[PDB]
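Side chains included, hydrogens not; waters and symmetry mates left out as well; all remaining heavy atoms used. Note that ligands are numbered from 1 as they come in the structure, with each ligand's atoms numbered from 1 the same way. Throughout, a chain's letter reflects where its sequence line sits, starting with A, and its residues are numbered from 1.
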Amino acid sequence: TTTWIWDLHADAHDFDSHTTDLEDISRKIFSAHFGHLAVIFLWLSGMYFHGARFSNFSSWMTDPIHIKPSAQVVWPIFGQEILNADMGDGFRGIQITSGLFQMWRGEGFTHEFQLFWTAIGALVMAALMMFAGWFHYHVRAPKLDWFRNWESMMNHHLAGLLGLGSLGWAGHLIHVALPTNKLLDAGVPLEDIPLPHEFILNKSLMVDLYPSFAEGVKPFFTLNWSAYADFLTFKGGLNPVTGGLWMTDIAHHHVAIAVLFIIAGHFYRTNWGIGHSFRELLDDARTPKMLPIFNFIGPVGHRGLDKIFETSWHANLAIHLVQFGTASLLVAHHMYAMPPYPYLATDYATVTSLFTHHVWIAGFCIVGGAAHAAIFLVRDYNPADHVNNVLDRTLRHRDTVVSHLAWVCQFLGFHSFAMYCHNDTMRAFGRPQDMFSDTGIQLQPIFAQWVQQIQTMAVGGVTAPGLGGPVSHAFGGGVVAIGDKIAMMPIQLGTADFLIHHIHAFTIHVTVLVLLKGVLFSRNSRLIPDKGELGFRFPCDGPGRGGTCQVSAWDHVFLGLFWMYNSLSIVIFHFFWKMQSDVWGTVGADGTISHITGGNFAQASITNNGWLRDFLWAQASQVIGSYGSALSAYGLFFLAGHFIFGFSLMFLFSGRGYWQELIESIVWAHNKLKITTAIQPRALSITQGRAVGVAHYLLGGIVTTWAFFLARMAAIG
Amino acid sequence: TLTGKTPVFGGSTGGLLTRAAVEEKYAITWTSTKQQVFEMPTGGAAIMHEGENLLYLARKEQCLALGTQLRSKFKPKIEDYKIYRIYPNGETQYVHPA
Amino acid sequence: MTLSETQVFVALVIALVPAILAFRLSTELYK
Amino acid sequence: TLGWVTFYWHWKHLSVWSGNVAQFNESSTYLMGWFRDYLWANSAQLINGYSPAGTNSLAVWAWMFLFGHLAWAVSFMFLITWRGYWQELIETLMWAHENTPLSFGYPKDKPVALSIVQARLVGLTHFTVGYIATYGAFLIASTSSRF
Amino acid sequence: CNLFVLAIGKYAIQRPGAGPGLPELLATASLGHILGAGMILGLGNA
Amino acid sequence: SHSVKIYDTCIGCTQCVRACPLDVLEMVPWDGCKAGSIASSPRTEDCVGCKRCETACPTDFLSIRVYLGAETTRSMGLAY
Amino acid sequence: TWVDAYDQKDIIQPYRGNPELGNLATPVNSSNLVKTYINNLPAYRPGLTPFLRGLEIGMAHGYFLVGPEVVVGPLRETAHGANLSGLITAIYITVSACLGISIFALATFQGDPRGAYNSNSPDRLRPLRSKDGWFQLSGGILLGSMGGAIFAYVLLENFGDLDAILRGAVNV
Amino acid sequence: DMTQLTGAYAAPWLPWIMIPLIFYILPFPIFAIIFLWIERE
Amino acid sequence: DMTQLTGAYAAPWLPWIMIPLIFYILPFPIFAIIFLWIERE
Ligand code: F6C
Ligand code: CLA
Ligand code: CLA
Ligand SMILES: CC1=C(/C=C/C(C)=C/C=C/C(C)=C/C=C/C=C(C)/C=C/C=C(C)/C=C/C2=C(C)CCCC2(C)C)C(C)(C)CCC1
Ligand SMILES: CCCCCCCCCCCCO[C@@H]1O[C@H](CO)[C@@H](O[C@H]2O[C@H](CO)[C@@H](O)[C@H](O)[C@H]2O)[C@H](O)[C@H]1O
Ligand SMILES: CC1=C(C/C=C(\C)CCC[C@H](C)CCC[C@H](C)CCCC(C)C)C(=O)c2ccccc2C1=O
Ligand code: SF4
Ligand SMILES: [Ca+2]
């Protein structure tokens with residue numbers, strides 16, 4: 001039947017679904033990770049090759065204020081060469097929003113052969129990854145005690161991967177990227193920029209940019225580190241030429257975290273007696289050894305948990321996908337407010353796209369962390385290992401956890417969203433004094449305003465005397481302007497910011513509620529006492545007990561994907577409106593700031609009608625008025641994303657029993673004309689129809705926001 | 001009329017409720033040859049005793065899912081489990097095996 | 001100048017901590 | 001289907017009544033023309049029925065417009081999420097009520113999730129109410145404010 | 001130097017696994033260079 | 001309660017009795033098939049309606065049919 | 001590996017010593033501080049008549065329910081209007097809640113009740129087990145919450161003279 | 001005329017009392033009557 | 001200033017409520033709690 005075709009592509013990469021031997025499972029995982037590294041190196045080879053061959057990068061490096069970055073040219077077939085837009089400088093292409101040019105300028109790239117030899121090195125190292133995956137599987141695969149050496153793996157990845165990676169990048173910053181960006185910010189044209197090996201061969205050429213280099217590596221070994229305080233600086237603020245962070249703060253950052261990570265890579269005991277072991281740290285976290293505030297975790301505590309990490313790859317994937325969500329969320333929030341690349345903060349199409357991308361990467365990773373947490377509890381969890389420890393006691397009060405979470409989701413939905421419905425009703429009545437607003441009933445976010453005042457008072461310098469400028473200009477300080485364009489200014493928080501932050505707290509808590517109830521009730525419940533015996537992924541247990549549709553832990557990941565999408569859409573909508581309204585814009589010749597949407601977030605974002613009219617209706621005029629221009633691919637992708645959203649609701653709202661009885665009549669008509677095939681035509685399964693419906697829903701909604709974000713910012717940003 | 005040690009268990013939030021005292025209750029009794037860990041149908045791990053056990057549960061499906069685990073997850077198998085239905089007046093009816 | 005209104009409210013909130021710790025010392029000393 | 005019918009009747013007649021019957025003729029042959037010139041262009045005074053600039057006589061139709069968008073979205077909860085998600089959530093709420101002090105109420109009828117057929121009907125009812133209150137507010141407010 | 005002498009004077013007291021000796025000397029010398037660098041820079045500005 | 005009907009196409013493979021998580025079904029001697037036994041449903045007031053027995057039936061069409069009837073506390077599967 | 005589990009002392013115990021019950025004995029539901037406080041609240045205080053339970057519950061509740069509409073309600077621009085709208089809000093909530101208490105008792109106590117008010121129910125948290133206890137609690141909550149609301153109304157309507165009392169301005 | 005609800009029709013006190021009666025005075029007694037009808041045994 | 005109790009310090013409404021609470025609102029509940037503690041059997 002046709003179900004075998006869909007089941008084969010779904011049974012592809014789960015390895016314990018075959019014969020479960022952990023050493024052979026761990027070897028297929030270790031060599032597939034080499035293959036995914038070869039895919040990343042092949043994709044990195046493309047971005048450096050298209051940056052070296054199909055770009056305006058040498059033209060953009062002359063004057064990065066008035067030149068738009070392009071790195072994709074389009075062939076002249078079917079009339080599709082209209083998308084090759086003028087970027088300035090006579091170059092016709094597609095305006096890229098990834099920010100590769102701002103990344104390459106800060107790293108020290110100056111020509112299009114340096115990007116070429118980086119593309120060759122990524123093409124070489126991709127072939128080295130698909131040899132190491134062949135060698136460490138088909139020739140000399142390791143065995144299970146090598147995979148179980150946590151203390152050696154933690155020591156080698158803290159000190160060796162992160163410590164030597166950022167120390168080695170601090171070598172590239174100090175000897176290549178600090179002189180190249182110091183000459184560029186002091187206005188030196190690119191014929192006169194020395195090639196980056198001449199800052200090492202001609203050592204005297206770095207002496208006049210940094211006089212501490214004449215005194216050599218000798219103050220480092222004698223701990224006279226204050227001699228170096230002109231290329232490793234604790235400045236803060238932004239560069240007034242580029243808008244990026246100070247490159248001497250970036251170098252001293254990657255020096256200080258290098259020492260902190262190499263120190264961290266000596267914490268664990270491997271072969272020499274010195275260090276902590278993972279088992280002794282976990283077997284001691286229990287009563288009576290903990291604090292008396294934590295007496296509730298009981299006498300076993302964390303004692304049975306090391307057998308999880310001995311046996312379960314899914315449980316480690318659950319933690320690591322969560323922390324890649326934590327890292328990518330930090331990358332989103334910290335790179336808009338402390339922009340680390342030159343001429344990044346005033347490229348508004350790039351700041352929009354970089355925040356939105358790394359928010360969405362983080363939200364899929366968090367759902368995957370909850371998905372593979374439920375796979376561990378169904379497949380890998382053995383209850384004999386966990387008697388009265390913190391895993392067993394969590395499963396024994398799951399009714400208190402879910403019902404307390406269900407209450408706080410209802411509290412947050414009333415006391416965030418229903419206050420917008422209060423505000424919609426009060427404004428329609430003509431009672432603006434009765435609204436939750438800065439001019440009505442104020443809800444000042446006083447704890448976030450207090451932190452902003454602390455973050456400003458810290459630099460001067462009550463608690464951090466070492467800075468000159470602020471950590472970020474979003475906290476306080478002043479307006480940074482690059483090319484009469486705002487790079488970063490203080491972001492004022494009012495009643496509109498109190499309300500949208502409690503919307504975020506509401507939509508995250510519900511997304512936790514869908515995912516945590518799926519994990520905590522994955523093995524059994526009061527409804528299905530043998531739910532773990534039915535598997536991780538199954539449609540239901542029949543129409544009985546009232547109806548048991550979507551009880552499986554897979555279907556909670558299915559519902560959690562919609563709620564993650566609903567949560568992160570409001571997050572990027574909060575970002576896109578507030579940056580256009582209160583941050584981005586133009587410093588006039590008068591001295592006054594005229595923002596993009598003119599400061600309308602404080603009064604219009606407090607109702608649903610203002611989000612519909614002033615955000616959704618007003619700002620989508622660029623994407624719907626793009627037909628017959630160079631932004632017309634965004635206008636086509638805008639309607640294409642609307643199509644797949646409506647198309648997804650056929651799979652989500654219907655069931656396969658209709659479609660199987662519809663197929664028998666078309667099977668009948670194919671049999672009357674004698675053209676039957678052997679593989680028998682089946683409707684999709686109940687889980688396949690849910691997986692297709694959620695994939696097309698998320699694809700339809702994200703492509704629509706992507707076309708709306710990028711058509712507006714490529715026109716007016 | 002029902003003999004057995006209660007399994008070693010710290011209690012949970014998935015156990016007996018108001019329905020167990022006012023409508024009907026269920027008890028599963030089995031003998032074990034060793035002290036070993038089983039999974040409760042209400043969530044969590046309990047320790048059965050060597051010899052005769054007795055566990056009160058809320059639904060008949062929870063007792064039969066426990067008896068399925070006793071027959072399938074332990075070597076040697078535990079097949080001798082008996083399931084009773086207890087009414088609020090103390091009237092106990094032997095329902096499995098019938 | 002003397003204290004501000006936020007300084008007085010900080011002292012009132014902090015003083016709940018020895019209020020709770022004196023309650024648990026009193027009930028531990030005995031009934 | 002009746003959406004496609006009444007969209008065509010309204011956009012053809014809004015072009016005839018305004019004298020701009022030509023503008024229907026180039027724009028109705030591609031789907032962006034329905035999106036830009038019928039849906040987006042005629043929403044302008046409807047969603048300005050109340051604003052920070054004030055309120056006017058289209059405010060009940062602007063409020064019903066969002067009301068219809070809200071009922072259509074509540075519909076998707078009943079149509080995408082199915083029963084046994086909600087039935088297991090209600091057991092935790094039945095746990096929480098029985099073990100909370102000072103909550104003297106107790107349900108005479110045992111709380112269960114809505115049945116499989118019922119929430120297809122409840123989801124279709126919110127879909128239909130959300131369909132008609134949205135377009136009915138848009139049909140009144142776009143026609144009566146242009147004429 | 002005086003922090004390195006402090007490390008060999010108060011960390012033959014703290015360590016359960018001593019001798020796998022050769023490498024807890026290298027640990028005690030490493031911590032002396034860590035606490036030495038923090039105190040020299042700490043006393044460098046007082 | 002629900003209604004569980006066993007039809008005379010039953011080959012007596014005992015698979016519906018093994019599949020039932022509520023112990024509704026048992027085998028009685030029949031002399032109407034080769035196995036000499038047929039399924040019966042004596043304890044149908046304990047049937048929750050999960051239709052696991054119909055999923056296990058190899059006869060085409062099924063020899064066991066569950067008809068969802070009046071909802072009781074047992075048939076709704078309520079622990080509260 | 002699991003044999004010494006459940007041998008050391010734990011502050012989390014099975015509820016009423018029964019591990020088959022669907023609850024746990026925690027510091028929040030079973031410590032001596034929270035048991036002295038909760039069991040001496042007027043819903044649970046031992047020996048009280050059902051009416052006096054209602055009167056203390058009402059007087060506490062009607063007093064604070066005047067509050068929100070006085071300060072943030074639609075009449076808040078004038079003092080006399082805000083106090084009246086806060087009183088009417090507390091009156092309307094009280095009548096609605098006491099109507100709910102009465103129709104709960106009329107629906108529940110029909111023969112042997114189902115659930116927590118059955119004769120076999122060991123529900124310590126729901127001890128008002130007869131319908132005449134519920135109707136006396138309904139009348140107690142009505143009279144107490146009406147009295148507590150009109151007490152808060154009289155204090156807020158006379159706030160100018162009450163502020164002058166508490167600052168000694170009446171001694172001039 | 002423009003500051004509050006008035007009525008220039010016959011008996012303008014009728015919506016002054018009927019809308020409170022229909023919408024927030026009588027519904028809770030009607031809901032209570034219907035509740036006792038569907039719970040009685 | 002000279003006719004009534006005022007306060008030229010931060011939060012002058014605090015003695016306006018604390019002295020009634022400490023001295024003649026809370027003592028009779030505290031005396032009743034202590035009385036039930038020393039009479040209970
Ligand atoms: C009657 C009796 C009773 C009682 C006592 O008595 C109660 C209580 C409880 C407690 C314990 C808790 C907490 C509270 C809160 O916060 O929440 C809110 C709520 C409210 C506010 C509600 C309340 C109500 C009151 C009490 C009464 C009132 C009445 C009126 C006033 C009268 C009127 C009458 C006329 C005729 C209309 C709860 C809850 C919950 N609920 Mg539950 N209730 C009940 C009822 C009901 C019903 C009907 C339903 C369906 C709708 C439900 C539902 C629900 C859900 C979802 C949830 C949640 O989440 C929560 C929880 O769990 O956490 C944890 N629930 N709660
Ligand atoms: C200091 C030595 C060292 C370094 C640099 C690494 C680095 C890595 N290991 Mg680890 N590993 C080590 C020691 C080390 N390991 C030891 C001693 C053990 C046994 C306890 C392991 C057991 C282990 C397992 C089981 C797995 C890894 C994996 C990984 C990768 C992490 C996932 C990833 O994609 O990273 C992000 C990638 C980067 C940050 C880019 C830099 C990485 C380069 C491209 C690697 C190749 C260059 C070269 C070999 C490293 C520099 C050394 C050279 C100068 C001599 C990363 C390449 C995972 C993997 O993906 O395997 C393929 C994995 O599954 N390691
Ligand atoms: C490092 C990250 C990582 C790793 C190693 C795994 C690995 C695994 N996952 Mg997990 N998972 C992850 C992240 C990861 N996942 C994330 C981020 C999510 C949230 C979405 C999940 C949610 C999840 C679920 C719900 C399930 C798994 C399952 C699995 C297992 C089998 C996968 C398979 O066969 O699919 C093969 C791959 C496919 C079938 C490709 C389909 C992917 C989408 C639908 C298409 C891509 C859309 C594309 C981007 C849009 C472009 C459209 C355009 C081309 C037209 C395998 C162990 C399954 C399992 O069997 O566990 C027991 C399972 O049921 N995962
Ligand atoms: C903080 C805290 C808490 C809480 C508390 C609270 C929450 C409070 C409340 C309070 C309140 C809530 C109060 C109330 C009061 C009331 C009153 C006291 C009333 C009175 C009344 C009266 C006096 C009246 C009278 C009358 C009548 C009856 C009739 C006629 C008329 C008149 C008016 C004369 C606790 C303990 C938990 C813990 C610790 C801490
Ligand atoms: C999850 C978070 C929970 C949110 C809970 C929200 C509940 C409702 C919030 C109202 C409480 C605070 O509301 C606070 O009330 C006062 C009194 O009206 C308002 O006061 C303001 O408007 C009123 C208008 O008459 C004026 O009298 C006053 O001069 C002015 O400052 C404040 O702007 C507001 O900050
Ligand atoms: C539409 C729909 C179907 C029908 C969808 C089907 C049958 C999918 C058919 C897709 C295949 C891939 C069509 C193409 C067939 C051949 C692969 C064609 C070959 C073409 C190549 C040569 C390009 C379901 O089966 C279903 C099941 C459960 C819930 C909802 C739904 C649902 O909504
Ligand atoms: S409707 Fe579909 S998913 Fe729901 S119980 Fe029936 S077969 Fe299962
Ligand atoms: Ca007002």
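- For ligand 7, the atoms sitting less than 4.0 Å from at least one non-hydrogen atom of A/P543 are 5 (S), numbered in the order shown with element in parentheses.
- For residue A/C549, no N/O/S atom approaches atom 8 (Fe) of ligand 7 to within less than 2.8 Å.
- In summary, F/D46 and B/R59 do not engage in a salt bridge, as defined by a charged side-chain N under 4.0 Å from a carboxylate O.
- Contact annotation for A/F651 and ligand 6: heavy atoms of both the backbone and the side chain come within less than 4.0 Å of the ligand.
- Using 4.0 Å as the threshold, A/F647 has no heavy atom nearer than that to any atom of ligand 6.
- Among A/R690, A/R545, A/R656, the residue whose heavy atom sits closest to atom 3 (S) of ligand 7 is A/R690.
- Counting heavy atoms of neighbouring residues, nucleotides and ligands inside a 6.0 Å radius, atom CD1 of A/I675 exceeds 12 of them.
- Residue-to-ligand polar distances place A/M650 within reach of ligand 6: an N/O pair is separated by less than 3.5 Å.
- If you look at A/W6 next to ligand 6, the close heavy atoms, those under 4.0 Å, all belong to the side chain.
- Heavy-atom contacts of D/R120 reach the following atoms of ligand 7: 1 (S) (cutoff under 4.0 Å).
- Atoms of ligand 7 found under 4.0 Å from any heavy atom of A/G542 (numbered from 1 in listed order, with element): 5 (S).
- If you number the atoms of ligand 6 from 1 as listed, the ones under 4.0 Å from a heavy atom of A/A683 come out as 25 (O).
- Shown in contact with A/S654 at under 4.0 Å from a heavy atom are these atoms of ligand 6, numbered in order with element: 29 (C), 30 (C), 31 (C), 32 (C), 33 (O).
- On a distance-only criterion, A/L684 and ligand 6 share at least one N/O pair closer than 3.5 Å.
- D/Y85 places none of its side-chain heavy atoms less than 4.5 Å from the side chain of A/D555.
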